[PDB]
Amino acid sequence: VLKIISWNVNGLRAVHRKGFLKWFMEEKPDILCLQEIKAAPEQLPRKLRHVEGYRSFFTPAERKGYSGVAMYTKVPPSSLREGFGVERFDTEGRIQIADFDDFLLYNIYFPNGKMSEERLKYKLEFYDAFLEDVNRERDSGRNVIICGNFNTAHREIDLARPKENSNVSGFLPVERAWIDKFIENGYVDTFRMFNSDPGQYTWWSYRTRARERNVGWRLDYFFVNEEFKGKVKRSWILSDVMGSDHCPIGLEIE
DNA sequence: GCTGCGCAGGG
DNA sequence: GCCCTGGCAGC
Ligand code: NA
């Protein structure tokens, strides 16, 4: 069995101060995917950049302290692809696509759309490019695993306050519609393969002590193509892990 | 973003 | 009446 963990750290240096490595060796993921590291590798202390036992790959945004994704993996991929072939998406440090023989692993930090009409438009177009990219790789005979911060809660059950948020990027019908669309192309929300209950969240606002009162959303997901779901054994939320406004999620396969 | 609040329809 | 849906300063 291969354990993969995904975590929108919201600043890899910041989380390093708040027990990152201690936990890292504590959870022992086969693969560790990180989103929103807000760093370039040149900014990271040796023992944070290079964790013993793992190969590490970093893809920072062009812009400083912004976005960025990272992957640590005991067994290296035979290729890491850091983009979809669309410059405006490929320069924000949002994409890592690792080829691990059995599957392709997409580590994606999808755009947040709250800031502006442009940032939602960017978000929705990024969603479109990903779907095409993953569909092309899946239509060609590959199994795919997609993890990361989609920045959208799919259904009213996937957030504490569904009604007040229907007008705000993150729960817009256009955004929820796209997740339906994703699933109808033959992709499975692995968490809801085993768990249909409320109160399962993955992010909470820092403002209003939102986390201790479990007022949050499930914005982080593990998707696999429908041909691959029979290889998934568990999908769970690591709710007790602190450090970010997000908590880790996990997957184990075969 | 969450939590209040005033306000306005229903019902 | 009351409830319980549906712009905003305060954080
Ligand atoms: Na590995």
Side-chain angles (χ1 to χ4, degrees), chain A residues 5-20 33-39 61 63-69 89 92-94 107-127 130 146-180 182 189 191-192 195-223 236-250:
Chain A
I5 275 81
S6 172
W7 194 11
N8 196 104
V9 279
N10 217 148
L12 191 46
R13 280 167 291 176
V15 71
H16 177 225
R17 312 194 283 268
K18 302 175 279 200
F20 173 74
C33 294
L34 301 184
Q35 301 86 29
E36 199 184 17
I37 65 175
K38 299 180 84 159
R63 153 146 71 146
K64 283 206 61 176
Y66 185 71
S67 195
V69 284
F89 310 133
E92 291 200 359
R94 296 187 172 271
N107 182 18
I108 316 288
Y109 172 26
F110 288 93
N112 193 264
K114 280 185 62 76
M115 227 43 42
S116 165
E117 210 53 37
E118 262 210 40
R119 286 316 279 192
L120 178 76
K121 181 161 135 57
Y122 181 91
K123 174 175 189 187
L124 294 179
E125 298 184 4
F126 185 109
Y127 268 165
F130 159 71
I146 313 97
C147 67
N149 172 23
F150 281 65
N151 262 310
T152 304
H154 185 204
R155 297 182 303 151
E156 303 195 348
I157 186 175
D158 290 316
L159 69 155
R161 314 286 125 106
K163 302 300 180 155
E164 31 277 293
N165 282 303
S166 284
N167 60 307
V168 72
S169 205
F171 202 65
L172 298 163
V174 297
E175 286 163 327
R176 303 176 54 201
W178 181 86
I179 304 179
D180 285 322
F182 180 33
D189 185 348
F191 180 70
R192 295 298 191 206
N195 190 325
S196 50
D197 293 54
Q200 306 305 308
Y201 308 133
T202 224
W203 168 84
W204 311 256
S205 189
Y206 275 135
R207 274 189 276 201
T208 316
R209 328 145 277 161
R211 191 178 186 160
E212 39 213 41
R213 306 176 304 100
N214 197 36
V215 184
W217 323 26
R218 193 170 65 96
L219 303 183
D220 301 287
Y221 302 77
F222 258 105
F223 286 80
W236 75 106
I237 306 180
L238 284 72
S239 275
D240 297 343
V241 180
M242 314 291 312
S244 177
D245 41 2
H246 293 259
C247 78
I249 51 185

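Numbered from 1 within each chain, the chains take letters A, B, ... in sequence-line order.
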Which nucleotides of nucleotides 3-11 of chain C have their base under 4.0 Å from a protein heavy atom (B), which only their sugar-phosphate (S), and which neither (-), written as one string 5' to 3'? --------B

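- A tilted orientation is assigned to the rings of A:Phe223 and A:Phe150, their planes being inclined by 30° to 60°.
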Could you go through A:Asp158 and A:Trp217, starting from their C-alpha distance and side-chain angles, then the distance that decides it, and tell me whether this counts as side-chain hydrogen bond (donor to acceptor under 3.5 Å, both in side chains)? CA-CA 6 Å; A:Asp158 290 316; A:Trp217 323 26; over 6 Å; no

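- Between A:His154 and A:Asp189, the side chains place no donor N or O within less than 3.5 Å of an acceptor N or O (distance only, hydrogens not considered).
- Between A:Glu125 and A:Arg119 no salt bridge is recorded (no basic side-chain N to carboxylate O distance below 4.0 Å).
- For the residue pair A:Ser244 / A:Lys18, no side-chain donor-acceptor distance below 3.5 Å is found, with atom types taken as modelled.
- Residues A:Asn8 and A:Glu36 bring a donor and an acceptor atom of their side chains to less than 3.5 Å of each other.
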In dot-bracket, 5' to 3', how would DNA chain C read with Watson-Crick or G-U wobble pairs under 3.5 Å, [ ] for crossing ones and | for pairs to another strand? ..||.||||||

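- Heavy atoms of A:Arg209 sit nowhere under 4.0 angstrom from any nucleic acid atom.
- North puckering is assigned to the sugar ring of B:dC5, since its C1'-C2'-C3'-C4' angle is above zero.
- No donor-acceptor contact under 3.5 angstrom links the side chains of A:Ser6 and A:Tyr221, judged on distance only.
- Using cut-offs of 30° and 60° on the angle between ring planes, the pair A:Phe110 and A:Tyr127 is tilted.
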Go through it in stages, so that I can follow the logic: the residues are A:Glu92 and A:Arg63, the test is salt bridge (charged side-chain N to carboxylate O under 4.0 Å, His left out), and I'd like the CA-CA distance, side-chain angles, deciding distance and then a yes or no. CA-CA 8 Å; A:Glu92 291 200 359; A:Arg63 153 146 71 146; over 6 Å; no

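- In summary, contact between chain A and DNA chain B, defined as any nucleotide atom under 4.0 Å from a heavy atom of the protein, begins and ends at B:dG1 to B:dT3 in the 5' to 3' direction.
- At least one donor-acceptor pair closer than 3.5 Å links the side chain of A:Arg94 to the backbone N or O of A:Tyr109.
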